[PDB]
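Novice: when you get a sec, could you give me coordinates for this:
(chains A, B and C, ligands or ions: 5)
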Amino acid sequence: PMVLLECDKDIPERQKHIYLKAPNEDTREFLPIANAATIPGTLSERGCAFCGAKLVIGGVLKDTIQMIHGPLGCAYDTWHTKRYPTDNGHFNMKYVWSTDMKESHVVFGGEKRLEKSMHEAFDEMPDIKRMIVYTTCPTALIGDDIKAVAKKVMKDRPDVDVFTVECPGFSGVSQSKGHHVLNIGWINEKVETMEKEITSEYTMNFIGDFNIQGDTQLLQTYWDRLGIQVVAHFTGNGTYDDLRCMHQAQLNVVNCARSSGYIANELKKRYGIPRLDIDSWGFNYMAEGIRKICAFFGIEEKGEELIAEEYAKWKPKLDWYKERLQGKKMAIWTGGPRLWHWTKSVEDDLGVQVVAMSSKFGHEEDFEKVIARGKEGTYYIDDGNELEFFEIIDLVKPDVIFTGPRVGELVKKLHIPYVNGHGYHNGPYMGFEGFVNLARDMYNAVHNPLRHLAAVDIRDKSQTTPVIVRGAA
Amino acid sequence: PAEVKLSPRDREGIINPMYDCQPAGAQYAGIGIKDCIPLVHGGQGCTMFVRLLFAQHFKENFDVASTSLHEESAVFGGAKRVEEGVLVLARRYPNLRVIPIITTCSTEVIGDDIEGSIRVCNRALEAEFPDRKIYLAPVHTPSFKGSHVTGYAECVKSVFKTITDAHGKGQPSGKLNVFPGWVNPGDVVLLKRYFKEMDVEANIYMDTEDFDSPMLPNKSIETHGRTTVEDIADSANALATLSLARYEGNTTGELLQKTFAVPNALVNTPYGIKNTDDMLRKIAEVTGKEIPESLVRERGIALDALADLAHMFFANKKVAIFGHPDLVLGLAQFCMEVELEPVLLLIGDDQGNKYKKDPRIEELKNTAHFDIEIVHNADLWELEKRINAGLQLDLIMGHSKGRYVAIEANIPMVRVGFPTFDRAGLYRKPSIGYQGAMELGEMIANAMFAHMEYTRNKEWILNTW
Amino acid sequence: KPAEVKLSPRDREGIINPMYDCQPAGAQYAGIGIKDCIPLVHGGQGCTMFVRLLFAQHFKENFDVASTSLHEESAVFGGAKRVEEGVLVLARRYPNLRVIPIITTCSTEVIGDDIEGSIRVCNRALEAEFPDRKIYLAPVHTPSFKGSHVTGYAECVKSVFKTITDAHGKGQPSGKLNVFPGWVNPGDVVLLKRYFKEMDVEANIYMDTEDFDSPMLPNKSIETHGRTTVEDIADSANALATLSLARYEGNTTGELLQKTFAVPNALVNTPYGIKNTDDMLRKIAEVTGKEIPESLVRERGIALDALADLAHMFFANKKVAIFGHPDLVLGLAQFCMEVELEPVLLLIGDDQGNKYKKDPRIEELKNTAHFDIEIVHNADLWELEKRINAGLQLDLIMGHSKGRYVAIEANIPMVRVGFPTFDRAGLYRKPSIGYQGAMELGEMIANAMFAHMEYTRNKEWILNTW
Ligand code: CLF
Ligand code: CLF
Ligand SMILES: [Mg+2]
Ligand SMILES: [Mg+2]
Ligand SMILES: [S]
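Specialist: Numbers count the residues shown, from 1 in each chain, chains lettered A, B, ... in the order given. Ligands and ions are numbered 1, 2, ... in the order given. Next up is the structure itself:
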């Protein structure tokens, strides 16, 4: 049924956002509201639209200036917070750019301040010729026309290419709106504005993977083994110009259908490129995905050679962890997709029972998926807040929580360990090896001497201090 | 030809900002108050990214709420989001006593009437919760001026105005007020010990010691500010205010002097030996209490340690320092005491007209035997660009968002100020005072020693120093 | 095949890169912790001067130790007159001197000088020359061809306690604990004093080396002295109990006080890590009847909070080698496992393997470890370097500074622990034992790994949101 938590008695609208799955229910009658307005004052986990455009998607690129048109806080706040390595020395993580909007620009306009900032950025780094400009709350409010500025800059500096995104933080309800605005502008303006050499009979784009701790580079070892050219990765370890070539691909493989389904849908509509959704987290999921890709291209035997070798290498370790993680209870409090990519994969491959899930910004689509794959007796929460998290912990008593670091540091006080469900502990987490990495971190998190030590009150005469015996795969 | 020069950044844009915006600093002020949840009126990122920043520095959660400004409020105004946010906080957190209502760029631009919303909420709260008092403080923090440094100072001042307006002047407390500024829990622990050893009763505003909270057998959460409403109200009754940071709380000491005739004493921020000496002399002056022998001893232990380092490893080494202005100026003085040469000081905001009048600039101009460039309105690209152009540095002192500059230039780096997320435990280690000077000097030496080993630069010399 | 904890000796007769110094060095260390004490090292001059230098390397301070200056004549015809003159020259020139441990060396053990006879001669001479002084001369037999500085420390403590308590005997019960922390830093002493103060337990810490970290004072006074007095030592006969923290570094004095004076001795695991600190505090509560205070529950919780930020993220499955004094090696191995490190190689540097095989901590490791552990006894530091050269993969070394070049050349991060730690600044002021010490050790490990990740560009971008 839908759940009114005790901490929500004075915000009872929250009941339509919380589903407890019970036997024999028609789940179509219990789909959480999602992607609706936030309640002020709740300590919702949500962020802003600008985050979704710059931090999550655009900022992944290795060769692009990320020009944040606004006061300096939006830039500061999106710098030193992500783990998306590159193969060019992590340019994307080393730098952030701001137009340093001041009061005079609120009064008189910020367009010349942006234009000056843009030329400064190109002058300071003469090897970089690509830029994305983002609006923020106050530059949207004063109506600066960043597309017009970018047009002038490209006319004046013909060796640069600039893309723009209107994504003030008050737009939409969450980071989701930023994903949409970026995806649709990119396909409208920049796809099919250049072409690259085709070097394989088999071509694809990989859509919705942001190279967290090297996930994209790990999956690329599969594509290289199979002889598949990836025209573009959207956007893990990617380049601006590779993204201009997306129309060339024969197939679009999607992992993050939430952030990046938009551009896969438009590529199908406009160019006829089929959309294949996979799960690139999960051991047996990865095997299904490879088999689908290889069935589409007609390279099935090459797929089976790769799968066989990967199972020989990694399955014994995975199964060692399953023996020790079987029956453990897990919560996932992340953006949305990882709920539906992980609930059944940890159950199948590790024996882990996901007892509570919260999505910051998922749509009803994401809830359809997670409730289809998820367990009975589990809580499914749209736009969860901090007091709800405490009440849910008391209800389901998880052994481990996959969530961000701040929430991990909060639940540590309750002696509940965490794995970073966003940026990972020791990743990558995608692919065959990656699920073994995920399992290792989960194992080390839960079977941790410090948790046992923390429970002992040395003043209690009746108590001793235990020793635990651990293991390794 | 001996010159200390102040100059601005010569670019309009920023690459690699040194500080966050005003609202972030206001949030930091508020999280040091017991039974306080700041309410940040604006878009959601203005809250969530700052809660993350605090988790990076402290490895702890702190509670801050958003008003969740969305598209309708951007067209018609956001007052209803403030009013709802206050009530939703009050209804769900029964022990909540203080809500600084912090504006953002969005809500400053659209002109929401915060004081009008506070009158509405005060009426609503008095009707719904007759036996409760919640203090709503208006905090105006447009992000298109100043920085998190200015926002911290503005929030402290507004909270103090709000609470003291409510309670006024009472009986003399005999206590000092102390505004240390934006410092670590370890700095607070050191100051408490100094006042205890000198038999001086003092409130430290804010008392952030318990930000380093235990993981306890009973699963209790103790990660709170310790400064109470009562502690802030009692500021009106103090013997005197000791303000350690010109840019981080002195304006509250002045306000208490104007309003309640509590005399304010602004001293140099106590980085290094002389600044600590002068702080203790001012405490003695205003209290009539002697400096204890225990502080002479701690001072002497610090000096003994630093003397093992200064002429052997530090003399003539060139240092760049960035961070909050009180920290940068104080650390430049400390550096000089140990024979380091702070040739480049970077201060990260638009407060140059104030920095040009800071008496510590003159103290530098009258002491340094090497040129000093002080770049105000600086970003961290200002440091990287100068190194790329040939500036030879032996050491960087600054916060963790400068790390890649040091790593790529192969320059040892000591983490100071805020945030220091890329090393463990630094929030627990004092930087001010005698012990802090010693700890800083030994961090510098140990960073140099590791660098000598990794680069094979006379690594054999670390035997009989 | 189950994990195995294997003890093995060094397979070479010779030493390359010794882990410890010789017995007389450890006897000198024991003695410099006594107020109004100047040890007198009976042998050649190097046996004194090199050890004064060693103490200056670790502490960055001078300590006073004298030599008998054995020369050719005395090496051939006997050195008693060199002892006897050295005692008198000390007494004449140092009017406040009260205690002289007379420490033998290889030379004076080989030639068979009669130390106890020289002490009778000197007592006669001192009683006649200085009828208003009492100087305690303790015979300390420390041939360097047995044991190590660890055994020489324990031998000197025991001989000094025997000498002083023989003179004073048992008297008024003191109500205090005797505490033998072993060979620890000034910061470890500072921590123990705080623990006893917070638990309202009166205790003497033998030796009290806190003031080795002495101030540079306005009045130019020299305060670099041991704080343990003759009176403190004599009062050990009157204690409620002895708490011995170090099996190889003072427990034999606890045992002697139990045999001689019926002061019950409690040997506990050296308090490295959380459980060992817990169990030390449980023993103090048992013997005193005093409650463990809330302040220690809080310090413990702050340590655990800090270590929890590190263990599964940065430490799990990382392989560690540890070398140093046996109590420290075994205690740090236990601490490492609390934080998910894997101490696969433990090196202990002397001929005391018959004792180490019976150490209960070996059994504690056998019963916990899920990985093989090799414990090399009689080890030198070449035993570490050779294993790395042969392919042992290590993520961390924990040991003293004379192993530095092993770590530097192998490009392995090292945390400096034990004695001597001359190649980093201030470590003597840092606790390693107790809850705060566990936290500071864990944070040293993490910070060493973090710097290494930066220097080697090994996922250095990961140090943002841990
Ligand atoms: S929702 Fe920016 S952090 Fe804010 S007060 Fe403005 S400078 Fe500072 Fe999102 S786009 Fe940005 S992060 Fe907020 S302002 Fe809006
Ligand atoms: S004066 Fe010189 S240093 Fe002394 S012994 Fe003689 S040659 Fe050597 Fe050696 S082992 Fe130790 S330090 Fe001595 S007691 Fe013997
Ligand atoms: Mg000294
Ligand atoms: Mg903590
Ligand atoms: S979000």
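Novice: drop to CA atoms for contacts and neighbour counts, all remaining ones
Specialist: Will do.
Novice: longest helix anywhere in chain A?
Specialist: Counting by DSSP state H, the longest helix found in chain A is helix A:300-325.
Novice: for chain B, same thing?
Specialist: Max-length helix for chain B by DSSP H is helix B:433-455.
Novice: returning to what we had before: can you list the strands that the very next helix or strand once past the longest helix of chain A pairs with?
Specialist: Note on helix A:300-325: by DSSP states H and E, the next helix or strand toward the C-terminus is strand A:329-334. Each strand that pairs with strand A:329-334, with its direction, by DSSP bridges: strand A:353-359 (parallel), strand A:400-403 (parallel).
Novice: next, format those as a markdown table and append mean neighbour count and distance to residue A:8.
Specialist: Compiled in a markdown table, these are given as follows (neighbours: other Cα atoms under 10 Å in any protein chain shown; distance: least, Cα to Cα, whole Å):
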| stretch | mean neighbour count | distance to residue A:8 |
| --- | --- | --- |
| strand A:353-359 | 26 | 16 |
| strand A:400-403 | 24 | 22 |
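Novice: distance to residue C:298 added to those strands, as CSV?
Specialist: Putting those into CSV (distance: least, Cα to Cα, whole Å) gives the following:
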stretch, distance to residue C:298
strand A:353-359, 32
strand A:400-403, 25
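Novice: how's the chain carved up into domains?
Specialist: Using chain A here. Domain assignment for chain A, taken from curated CATH domains, gives A:1-193, A:194-473.
Novice: you looked at the wrong chain, it should be chain B
Specialist: According to curated CATH domains, the domains of chain B span B:20-165, B:166-269, B:270-316+B:433-465, B:317-417.
Novice: give me the secondary structure label for the residue of chain A most remote from its centre.
Specialist: Here chain A reaches farthest from its C-alpha mean at residue A:461, the gap being 48.4 Å by Cα atoms, centre = their mean. In three-state terms, and counting by DSSP: H, G, I helix; E, B strand; the rest coil, residue A:461 is coil.
Novice: sorry, back to before: would you turn the domains of chain A into JSON lines with distance to ligand 2?
Specialist: Formatted as JSON lines, the domains of chain A follow (distance: least, Cα to the nearest ligand atom, whole Å):
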{"stretch": "domain A:1-193", "distance to ligand 2": "53"}
{"stretch": "domain A:194-473", "distance to ligand 2": "41"}
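Novice: returning to what we had before: how far off helix C:434-456 does the longest helix of chain B point, in degrees?
Specialist: Counting by axes from the mean of the first three to the mean of the last three Cα atoms, to 10 degrees, helix B:433-455 points 40 degrees away from the direction of helix C:434-456.
Novice: just checking, what packs against helix B:433-455?
Specialist: If you count contacts as 3 or more Cα pairs under 8 Å, 6 or more residues apart in numbering or on different chains; DSSP states H and E, helix B:433-455 packs onto helix B:185-197, helix B:273-287, helix B:293-307, strand B:413-415.
Novice: could you rerun that using 10 Å?
Specialist: Contacts defined by 3 or more Cα pairs under 10 Å, 6 or more residues apart in numbering or on different chains; DSSP states H and E place helix B:433-455 against helix B:185-197, helix B:273-287, helix B:293-307, helix B:325-337, strand B:395-398, strand B:413-415, helix C:404-410, helix C:434-456.
Novice: nearest to residue B:354 among these would be which one?
Specialist: helix B:325-337 (10.5 Å; Cα to Cα).
Novice: quick one: the strands in the stretch 101-250 of chain A?
Specialist: A:130-135, A:161-165, A:203-209, A:229-235 (DSSP state E, counting those that start in this stretch).
Novice: show me what from the stretch 301-450 of chain A comes close to ligand 5.
Specialist: A:360-361 (Cα under 6 Å from any ligand atom).
Novice: which residues does whatever residue of the stretch 301-450 of chain A ends up closest to chain B contact?
Specialist: Among residues of the stretch 301-450 of chain A, the one nearest chain B by Cα to the nearest Cα turns out to be residue A:414. It sits 4.7 Å away. By Cα atoms under 10 Å, 6 or more residues apart in numbering or on different chains, the contact set of residue A:414 is A:390, A:393, A:451, A:454-455, B:215-221.
Novice: so what's the residue most central in space within chain B up against?
Specialist: By Cα atoms, centre = their mean, chain B has its centre lying nearest to residue B:182, at 1.5 Å. Shown in contact with residue B:182 (Cα under 10 Å, 6+ apart): B:25, B:28-29, B:149, B:152-153, B:205-206, B:244-245, B:247-249, B:324, B:326-327, B:417-418.
Novice: try 7 Å this time
Specialist: The contact partners of residue B:182, by Cα atoms under 7 Å, 6 or more residues apart in numbering or on different chains, come to residue B:248.
Novice: same thing with residue A:279?
Specialist: Residue A:279 neighbours (Cα under 7 Å, 6+ apart): A:255, A:285-286, A:289, A:341.
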